[PDB]
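Presented as structure tokens, the chain that follows is alone, the form deposited without the ligand.
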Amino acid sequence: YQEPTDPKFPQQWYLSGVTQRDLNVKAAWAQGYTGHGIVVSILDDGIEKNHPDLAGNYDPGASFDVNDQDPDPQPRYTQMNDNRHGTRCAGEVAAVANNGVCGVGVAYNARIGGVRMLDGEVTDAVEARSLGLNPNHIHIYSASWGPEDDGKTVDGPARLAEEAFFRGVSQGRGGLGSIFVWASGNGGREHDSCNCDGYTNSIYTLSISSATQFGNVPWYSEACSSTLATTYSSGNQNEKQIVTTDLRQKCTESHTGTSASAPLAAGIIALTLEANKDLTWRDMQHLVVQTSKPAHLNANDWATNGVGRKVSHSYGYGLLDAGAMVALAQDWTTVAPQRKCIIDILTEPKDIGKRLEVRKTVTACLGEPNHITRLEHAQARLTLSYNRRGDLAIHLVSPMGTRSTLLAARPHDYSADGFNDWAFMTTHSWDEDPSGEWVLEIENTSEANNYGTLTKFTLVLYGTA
């Protein structure tokens, strides 16, 4: 093995770095893992398959055009370069190495495809078709779509896309499960809270946020409990950005935002799957939880959970660490069957007013086939009315004492629609024992005299025994 010779590899600071402050990818490459035999697909605005840094790894089997209903995902060219995004992301995962062009992908011997699906009317059906493309050929899908990041919207996948996620993790990859890697959002300026985005807030998506070069939470970041982990992206004008393949056969040094983080995660996950091709979609999430690193990341909300792991709403479990992922993968015992324990918490509706606390001691399906002693994801499915949605903050405390923020104040959100059986998800209690007293807190963070009612609280616990 030799370090890549590509002309912009030194500029790929999140990989080539020798300041400790990187994704630890060289360590995986040096162990011999570069993505061989793994297939990744970018679900976005298309892919420039003839790009000099992509063509060598391009895989028609991983690509389709859902907008035009044909096999060729080539993007449309416009003056504003609207359809540059998929090509940028594809390069992050799998740009060719050692070919004197631009930089390299994290998984530079992986095969890369794209689905052209954003350049047209994006319906539920379009989404489902993209998520379900060739599920026994493609291992890993990477995407960043979701509701407008205006800090006012609550929305997620409709029925067909939800069913495709489920079919994907259930039946995809010969039963091991499609790995759906997701960006958590770019609505930071608008105080958006990513549990209001049902794509990233899903248990089926392995969700990723960003850190700046100097290890800070970028302006565009959204915090939420559903995020699992972090990769580097852009920041302020003194901090470097993402260097990758661009539209028109170019090399950009200015790829930005959380949408640039998901593809780096996708690449790391490809290296990890190469290291253990029998990892299931849940195994992969477990690896990310166990091996991600808080160390060099600055946040004001780091907290240690019931099993001793540091976790943040901006960063999840911290920065992905490819070396550690590959290492743990090689020793990993695949997890037991997923259990789901559904607990109806409320016996009557509760007035919210200025503040509401709901406490309930649960057995987590003790005595039954869905008894859970080792949590993975938890959801609080809430139905409530409120006069000004964004003034609410909502927290969930596990019996072991871990406080998850389910919803932070979203000052721009003046909706009077409340939440209709909305599943807020947290990863922060992973591996805890969910038996005992859970506490739900709903608070009016404004000085306004606000009012509403909580009419349903379903606690949904996932995990093993």
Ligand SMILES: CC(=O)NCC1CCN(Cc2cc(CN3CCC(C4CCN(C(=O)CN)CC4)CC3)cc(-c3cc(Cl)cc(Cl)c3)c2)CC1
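So that there is no doubt, residue numbering starts at 1 and follows the sequence shown.
The same protein also has a form deposited with the ligand bound, omitted here; what follows describes it.
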| said: Using the site C-alpha superposition to carry the ligand over in the deposited bound form, what's the verdict for this chain: open, or blocked with 3+ ligand atoms inside 2.4 Å of backbone or C-beta? | reply: blocked
| task | May I ask whether 45, 122 and 145 all come within 4.5 angstroms of the ligand in the deposited bound form, judged by heavy atoms? | result | yes
| Contact stretch among 385 to 393, 284 to 292, 369 to 377, 83 to 91 - heavy atom within 4.5 Å of the ligand in the deposited bound form | 83 to 91
| said: Can you tell me if residue 365 lies within 4.5 angstroms of the ligand in the deposited bound form, counting non-hydrogen atoms only? | reply: no
| task | Evaluate residue 158 for contact with the ligand in the deposited bound form, applying a 4.5 angstroms cut-off between non-hydrogen atoms, and reply yes or no. | result | yes
| Can residue 108 be called a contact residue for the ligand in the deposited bound form at 4.5 Å between heavy atoms? | no
| message | in the deposited bound form, is there a heavy atom of the ligand that lies within 4.5 Å of any heavy atom of residue 117, even though the partner is absent here? | response | yes
| said: Only one of 243, 131, 319, 271 gets a heavy atom within 4.5 Å of the ligand in the deposited bound form. Which one? | reply: 131
| task | Could you spot which one of 232, 199, 315, 141 gets a heavy atom to within 4.5 Å of the ligand in the deposited bound form? | result | 199
